Amino acid sequence: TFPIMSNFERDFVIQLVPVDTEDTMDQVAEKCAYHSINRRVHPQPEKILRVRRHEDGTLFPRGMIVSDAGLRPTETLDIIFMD
Amino acid sequence: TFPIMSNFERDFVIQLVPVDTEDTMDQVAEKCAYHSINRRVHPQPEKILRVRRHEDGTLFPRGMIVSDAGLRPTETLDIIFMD
Amino acid sequence: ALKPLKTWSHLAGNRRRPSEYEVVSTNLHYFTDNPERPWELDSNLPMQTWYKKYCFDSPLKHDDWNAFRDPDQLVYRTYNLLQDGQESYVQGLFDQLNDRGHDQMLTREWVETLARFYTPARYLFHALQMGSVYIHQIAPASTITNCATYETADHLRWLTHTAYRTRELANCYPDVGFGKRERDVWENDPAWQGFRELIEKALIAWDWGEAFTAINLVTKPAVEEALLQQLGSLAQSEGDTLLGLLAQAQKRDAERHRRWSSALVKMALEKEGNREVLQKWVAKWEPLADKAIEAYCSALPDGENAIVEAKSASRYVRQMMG
Amino acid sequence: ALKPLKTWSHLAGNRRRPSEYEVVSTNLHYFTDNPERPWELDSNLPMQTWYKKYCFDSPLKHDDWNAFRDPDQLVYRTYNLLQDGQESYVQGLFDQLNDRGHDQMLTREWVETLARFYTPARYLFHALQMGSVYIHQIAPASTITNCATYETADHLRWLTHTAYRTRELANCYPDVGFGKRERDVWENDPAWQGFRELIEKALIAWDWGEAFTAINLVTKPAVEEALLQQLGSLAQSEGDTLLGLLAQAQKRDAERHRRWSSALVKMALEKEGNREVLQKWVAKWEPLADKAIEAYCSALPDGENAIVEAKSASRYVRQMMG
Amino acid sequence: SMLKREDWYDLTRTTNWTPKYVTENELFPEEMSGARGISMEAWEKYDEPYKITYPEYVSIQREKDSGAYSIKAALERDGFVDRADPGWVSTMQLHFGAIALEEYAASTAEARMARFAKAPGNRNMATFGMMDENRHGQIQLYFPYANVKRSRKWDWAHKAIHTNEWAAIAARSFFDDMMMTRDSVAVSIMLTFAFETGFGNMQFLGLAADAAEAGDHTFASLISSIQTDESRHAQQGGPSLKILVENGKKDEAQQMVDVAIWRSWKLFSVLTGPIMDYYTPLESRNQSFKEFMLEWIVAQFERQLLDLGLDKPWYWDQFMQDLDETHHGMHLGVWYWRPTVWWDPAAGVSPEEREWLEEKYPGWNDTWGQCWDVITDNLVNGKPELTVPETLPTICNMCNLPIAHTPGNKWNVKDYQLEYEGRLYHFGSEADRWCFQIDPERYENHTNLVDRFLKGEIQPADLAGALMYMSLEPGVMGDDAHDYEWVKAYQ
Amino acid sequence: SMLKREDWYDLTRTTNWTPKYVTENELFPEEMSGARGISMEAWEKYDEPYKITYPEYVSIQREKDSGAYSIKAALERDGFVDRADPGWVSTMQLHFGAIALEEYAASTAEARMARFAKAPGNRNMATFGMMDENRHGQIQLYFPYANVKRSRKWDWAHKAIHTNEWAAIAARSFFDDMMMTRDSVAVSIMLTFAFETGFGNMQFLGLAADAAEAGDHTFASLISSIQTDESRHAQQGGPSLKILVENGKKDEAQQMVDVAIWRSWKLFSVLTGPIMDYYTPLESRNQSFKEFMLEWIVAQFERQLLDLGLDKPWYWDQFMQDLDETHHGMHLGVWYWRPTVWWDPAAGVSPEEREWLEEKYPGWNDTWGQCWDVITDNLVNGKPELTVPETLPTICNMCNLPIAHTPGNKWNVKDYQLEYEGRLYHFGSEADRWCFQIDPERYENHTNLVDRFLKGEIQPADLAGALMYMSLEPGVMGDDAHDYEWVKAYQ
Ligand SMILES: [Fe+3]
Ligand SMILES: [Fe+3]
Ligand SMILES: [Fe+3]
Ligand SMILES: [Fe+3]
């Protein structure tokens with residue numbers, strides 16, 4: 001269990017989202033989407049959700065797990081739409 | 001020219017009505033009707049308008065003229081519907 | 001169709017926007033609309049006759065009495081604001097000087113002087129109240145009446161101060177007769193007969209112009225100089241600081257009554273003959289005033305000088321009016 | 001769903017319907033909600049530390065300080081109603097005694113006595129203003145703070161009367177130095193050093209419980225008995241009736257300050273140990289008070305007796321509290 | 001410290017003394033005093049139930065104005081009057097016009113007692129009463145003044161009583177008779193007891209409620225503030241009556257009360273009755289004028305009279321009956337002759353209003369309803385000119401109001417004529433004629449508007465001339481309050 | 001006679017003296033005084049522009065309450081609140097909750113200057129200021145008290161600041177930082193100059209106008225009365241700044257002003273911005289929050305700073321830009337998380353309101369409008385549960401408000417993180433982070449609601465637990481102001 005701040009693309013607010021240290025960036029994005037998609041952001045089926053570190057913009061591979069991302073607890077992450 | 005107070009039948013108020021000393025009771029009733037009939041009282045074609053002295057109820061013949069009625073200036077008269 | 005006005009129609013076109021005073025006090029009497037029949041009834045009723053003889057037929061004349069304006073511009077609203085402040089000052093004195101034990105510090109002589117020269121004034125003050133309230137109901141213009149209205153309120157005020165103090169004095173000196181003996185002093189003490197004759201006679205001068213002169217121009221200055229000015233100065237030298245301050249506080253009302261009276265006389269002198277009319281009335285009443293001042297002040301300590309100052313000061317009031 | 005209440009939730013179920021006083025004055029301070037971090041910031045800020053040491057850690061203890069109730073039940077609305085009436089009385093005295101020429105009747109000796117013993121009080125009165133306003137910002141309950149609020153307003157009031165009269169006095173006696181010499185008298189005249197040392201030291205007693213005792217229980221009774229009671233009685237015997245009345249009028253505020261102080265002490269004595277806490281503070285400050293009274297009153301005429309009465313009357317204030 | 005009021009109050013009214021330099025009758029002329037043979041000592045038993053002193057007066061009255069004037073200033077820019085029901089606006093224009101200057105005149109009526117009452121307590125209470133009416137005249141001038149730029153009709157708040165407009169004459173007729181031309185004792189009875197205690201008090205209470213219901217808080221605050229000053233001086237008649245009854249005059253007291261109550265009722269039946277049952281919006285009517293009269297006015301009079309040892313006037317039963325008729329006639333009259341008043345009369349005869357009327361007054365539609373039926377047909381059929389008059393109505397020589405009564409299926413309009421010294425007088429009721437007969441010399445040569453018209457005093461001698469004689473011109477002349485909106489329901 | 005105020009005023013503030021029995025630093029502790037090396041003599045140059053004395057104060061303030069309380073009593077039985085727009089009721093419940101006890105707290109802030117200011121004139125004006133805030137806290141408790149029986153929400157007028165509800169924390173965060181934990185000089189600058197003169201003054205002016213436009217005269221009178229007391233004490237910062245600039249501290253004065261204005265802006269963007277553009281009925285909106293800010297707040301600051309010899313804060317341009325975004329985010333946040341506040345947030349996104357928004361803020365619909373599009377579809381399609389949250393939003397560690405910004409087609413939401421001594425802090429703006437960095441020890445260990453949640457201080461550690469932690473329960477928990485009425489326009 002690890003806390004991160006979700007800054008979902010096209011949303012208007014950053015939110016607290018608990019992920020698991022074993023989660024994949026894909027699974028992280030899924031947990032973040034739950035709080036933005038179909039609440040304040042329209043789904044985009046023709047796109048893929050990617051996880052980026054907010055402070056420096058580091059793009060994390062889809063398959064990398066939280067445990068290997070070197071994140072600070074509560075770290076803010078951008079969840080963006082990519083191809 | 002002579003003033004009389006008209007208390008027209010079915011109306012709600014007595015009114016000042018100038019008649020002529022040569023007027024017939026019929027002509028007096030006609031002058032009084034002008035101020036009540038079709039203003040606050042419905043016409044009654046199947047009836048005849050008669051002039052009665054208000055104070056004592058003396059009924060004046062249709063053909064008698066003001067000059068012979070022995071009225072006090074401003075005297076109140078009832079204008080009633082009769083057969 | 002008649003277009004809406006910027007002010008009351010009788011005040012329209014004044015260049016100067018009407019004050020609250022003018023808005024609520026001008027041209028209100030309607031009995032002056034029909035001099036031949038002031039009231040909406042038979043023209044021969046006694047009240048019709050009373051107003052025609054005592055208001056309309058007065059020798060004090062003017063074409064537009066409704067033009068009169070109170071120099072103080074008193075309105076009911078501002079009258080109570082003004083007087084509530086003055087009463088707070090006066091009730092404060094009563095309250096705190098009592099706490100100080102002020103009345104117990106007075107000498108026996110002075111206490112007896114109060115029973116004779118001070119407390120019986122409740123009768124003279126109420127007589128002025130009656131005098132000014134009669135002026136109210138017979139004056140020719142609402143602005144004149146209003147001045148008399150508030151002046152009457154002031155007279156009731158003095159009566160009230162006096163009634164209150166009489167009680168306090170009686171509580172402090174139960175054996176003097178305070179509250180109990182004033183009617184006999186007023187009715188039988190020679191020191192009071194001058195004032196009593198003066199006010200009793202003035203009280204039946206029904207002509208509005210004469211009532212104004214007898215009550216406001218002759219009687220009041222005489223009463224104010226004897227009972228407020230003279231008795232008050234004496235009170236302070238005798239150790240009675242409360243009465244000295246009280247009298248000074250009431251004299252503020254007197255000064256205001258003189259200001260409007262002076263204003264009315266000024267207006268009257270706009271018409272030829274009125275100066276002479278007012279002087280004849282003063283000449284007729286002045287003798288009773290001198291007599292009032294002489295009988296009251298001569299009985300006071302250093303009385304003959306109190307008489308000279310009172311006579312001089314009260315005359316000065318009329319002198320300054322012309 | 002939560003049902004609407006008949007009153008504020010913290011006053012619910014009181015059997016007795018809450019008064020306006022209770023509705024607008026109770027349980028308002030929020031810094032007492034988190035003793036460990038009174039303010040919504042870092043817990044180590046100097047202000048956090050100041051309140052923890054001087055409010056929370058005070059030896060004067062009670063489990064429910066918010067239960068305190070001002071015996072006078074003063075609220076802003078009624079405070080101004082009360083004081084506007086008292087100021088009308090006081091401004092009336094100023095206004096009319098001036099008209100009377102009261103200050104010109106004072107002797108030269110007395111005038112010089114005023115420059116020494118009366119006008120410099122503007123400094124001591126402002127010091128009390130500072131003293132009571134500090135109590136306001138460190139007290140543990142809004143009802144306690146409010147009493148200190150109005151008391152501070154009263155102190156500013158006395159300062160103001162004094163400032164006004166100093167001007168009037170300077171206008172009447174341009175060569176005395178009124179308004180100009182007070183700081184040097186306050187700072188260098190031995191008659192004032194007792195009070196100056198007392199208030200300067202009390203002004204840095206930061207513990208709320210001690211501030212209350214030093215300012216309200218020890219210093220104020222001493223200042224009130226010397227400057228209002230003693231100087232006032234002297235003023236009246238010297239012919240200065242204005243100061244005698246003014247001092248009496250200000251003493252009304254003092255009596256009210258004593259009533260709430262007495263109420264707080266009563267409440268404090270509900271907890272064991274507080275009587276002893278308050279007595280220790282009084283024992284520590286009383287000596288400076290005696291010293292203040294001795295230096296001021298001994299310099300006054302018939303001074304040694306003024307010292308005995310002032311010492312006796314001020315102690316009596318605390319005696320009656322237990 | 002301060003004394004308790006009860007400790008010194010009496011000294012404020014221990015002001016009577018025995019005149020010596022003038023006689024008692026000179027100092028207190030009977031025509032102004034009305035002591036009626038009762039001694040000064042006997043009048044000193046006078047004891048006002050509601051006591052008050054100068055300092056309490058200026059203090060309490062200062063706060064009353066502070067509040068009323070503060071409320072006005074606060075709601076001023078809101079312009080409620082601009083969106084108020086036209087029936088309510090009319091109610092106010094009527095109110096200010098008929099009352100403002102009569103309020104001010106009442107201070108002279110109060111001054112009459114203040115100077116001529118032989119009862120010390122009456123003299124002082126009258127001095128406060130004098131002050132009260134001074135306030136009422138000024139405040140009821142100051143408030144409508146805010147609307148002068150909205151319509152000339154608001155100028156009548158000051159102008160009205162200075163005109164010969166019929167309603168103004170009826171007003172002065174009443175007020176001059178009750179309080180301006182009567183002796184001190186008579187005034188206390190006829191004005192403060194009969195009129196103020198008996199009608200004005202409750203009426204202002206209901207008026208202030210109506211204002212609030214209409215959403216006019218400025219007027220509501222105004223009226224309820226004024227009304228609290230009422231009991232302080234309306235109380236003056238009670239003790240005078242007690243003294244007259246306890247001495248030899250019970251009949252004299254009774255007669256003054258009979259006259260005053262009847263004359264009050266008549267002015268009330270035209271100025272208040274029409275407002276409650278026709279101007280006030282249907283959904284805002286909490287009760288009928290008749291219901292109001294029975295609950296708040298009539299019952300109170302009976303208790304008051306009984307407690308005083310007086311009898312119910314001889315006309316009491318008739319008065320009860322008239323609660324069903326009189327005001328309906330006064331309303332129809334004012335509406336029909338609407339160009340002659342200075343406010344817009346509200347017809348109040350829409351289908352819904354008509355069933356309410358039928359509910360409150362069984363038989364209304366088959367009587368009053370018929371006149372209104374004719375008027376409605378003419379409006380529906382484009383003959384509006386048949387809804388305004390071409391002659392003057394007959395005017396009562398006592399109340400100066402038109403002589404009107406039940407029309408339609410229960411026609412009962414009567415004229416109580418009286419020939420007196422070669423002149424024929426007309427009266428709208430048995431009681432109005434009686435008021436004339438018990439004191440003929442008080443009304444004898446007064447002429448009502450009709451009398452003046454017939455004497456040649458109104459020139460040109462036509463309707464346009466009568467309107468000019470009454471100071472009425474387009475802009476203030478009355479018309480239908482809702483501009484005939486209610487006609488649409490009939491098509 | 002009386003003296004002219006100008007003749008004796010100065011003696012009232014000639015109260016400084018040279019301590020002898022204690023040192024100057026003991027009598028005026030720097031942490032409380034903030035004299036900052038500037039001598040007592042130099043501080044005595046302090047000259048308040050608006051002068052007033054005790055007797056004028058008690059006299060003028062007595063009348064102010066007489067009027068405000070008279071208006072309340074008069075309109076009380078009217079129950080306007082019962083029929084007022086729900087958006088207006090919410091505005092009041094919010095107002096009283098966030099302000100009543102902070103007003104009262106400001107008297108302590110005033111007391112701080114009254115005791116510790118070295119400027120005599122500052123000490124006296126602060127004593128009157130202390131009295132002013134005492135009145136504001138009491139009157140803004142007494143007025144809402146009238147509505148306690150209508151809804152528990154009114155109890156928060158007193159309760160709010162005693163809770164850990166997020167809005168209350170944001171309020172205390174601001175007020176404790178600006179006026180309760182600062183030295184005397186700092187308070188006069190940050191509170192009276194930056195906040196009261198810069199924001200509160202104009203805001204109360206607009207609020208009182210809004211109340212009137214809404215037909216709530218009780219509240220309108222309340223607010224405008226309170227606002228007249230403002231300049232008397234809001235004036236205190238000006239002369240302090242003059243003295244600091246004229247001596248060695250210009251930079252110190254500038255920094256305090258920068259901090260205070262930014263922190264004021266943030267609280268304002270959530271408590272006032274949302275109200276003007278969304279709670280106030282469309283037809284009552286005289287101008288947008290941005291227009292209000294540019295005309296009445298921003299221009300005034302520039303003139304004030306220029307006249308003082310100070311500069312426009314470094315963040316000025318950004319601040320200008322944010323007038324287009326910030327409050328829209330604060331509104332969406334409050335509405336979305338509506339169960340967490342004590343009033344009912346009004347959505348304000350009906351078709352008509354949306355075109356107004358597009359007019360006042362070009363690009364609104366393609367940004368803020370999209371989030372609202374999704375929310376609207378869900379409500380139209382019966383998925384209301386997707387319009388409330390299941391997690392907490394990220395909270396700024398300075399302003400304690402959610403970190404939100406432009407969404408949709410111009411997505412620009414950013415977090416100004418900062419790692420300080422082994423802890424990661426989040427800030428809603430460049431300026432909020434800077435306020436932390438120029439004085440870290442003042443905020444270092446404070447924890448926002450999110451921090452407390454993550455530390456295990458909120459138990460149960462779920463939404464229901466967070467609600468209980470914030471003292472919120474059904475009855476006061478917020479929902480849509482108009483009960484989703486605006487949804488009907490979308491079907
Ligand atoms: Fe009246
Ligand atoms: Fe009356
Ligand atoms: Fe405030
Ligand atoms: Fe403020």
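Computation of the quantities below employed the complete heavy-atom set of this structure, encompassing side-chain atoms and omitting hydrogens, waters and symmetry-equivalent molecules. Chain letters run A, B, ... following the sequence lines, proteins first, then strands; residues in each count from 1. When a ligand or atom number is given, it counts from 1 through the structure's own listing order.
- For the pair C:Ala153 and E:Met131, the tightest heavy-atom approach, listed with the atom from each and the gap, is CB-SD, 4.0 Å.
- At a threshold of 4.5 Å between non-hydrogen side-chain atoms, the residues F:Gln138 and D:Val75 count as touching.
- Among the atoms of F:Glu133, an N, O or S atom falls under 2.8 Å of the Fe ion (ligand 3).
- With 2.8 Å as the limit, E:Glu230 counts as an N, O or S neighbour of the Fe ion (ligand 2).
- When the N, O or S atoms of E:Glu196 are ranked by distance to the Fe ion (ligand 2), OE2 comes first.
- For residue E:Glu103, an N/O/S atom approaches the Fe ion (ligand 1) to within less than 2.8 Å.
- Between F:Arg232 and F:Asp229, at least one side-chain nitrogen of the basic residue sits less than 4.0 Å from a carboxylate oxygen of the acidic one, meeting the salt-bridge criterion.
- Counting backbone and side-chain atoms alike, E:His233 contributes an N/O/S atom closer than 2.8 Å to the Fe ion (ligand 2).
- In summary, D:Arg77 and D:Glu20 engage in a salt bridge, as defined by a charged side-chain N under 4.0 Å from a carboxylate O.
- Counting all heavy atoms, side chain and backbone alike, E:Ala117 lies closest to E:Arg123 at O-NH1, 2.8 Å.
- Residue E:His136 approaches the Fe ion (ligand 1) most closely through its N/O/S atom ND1.
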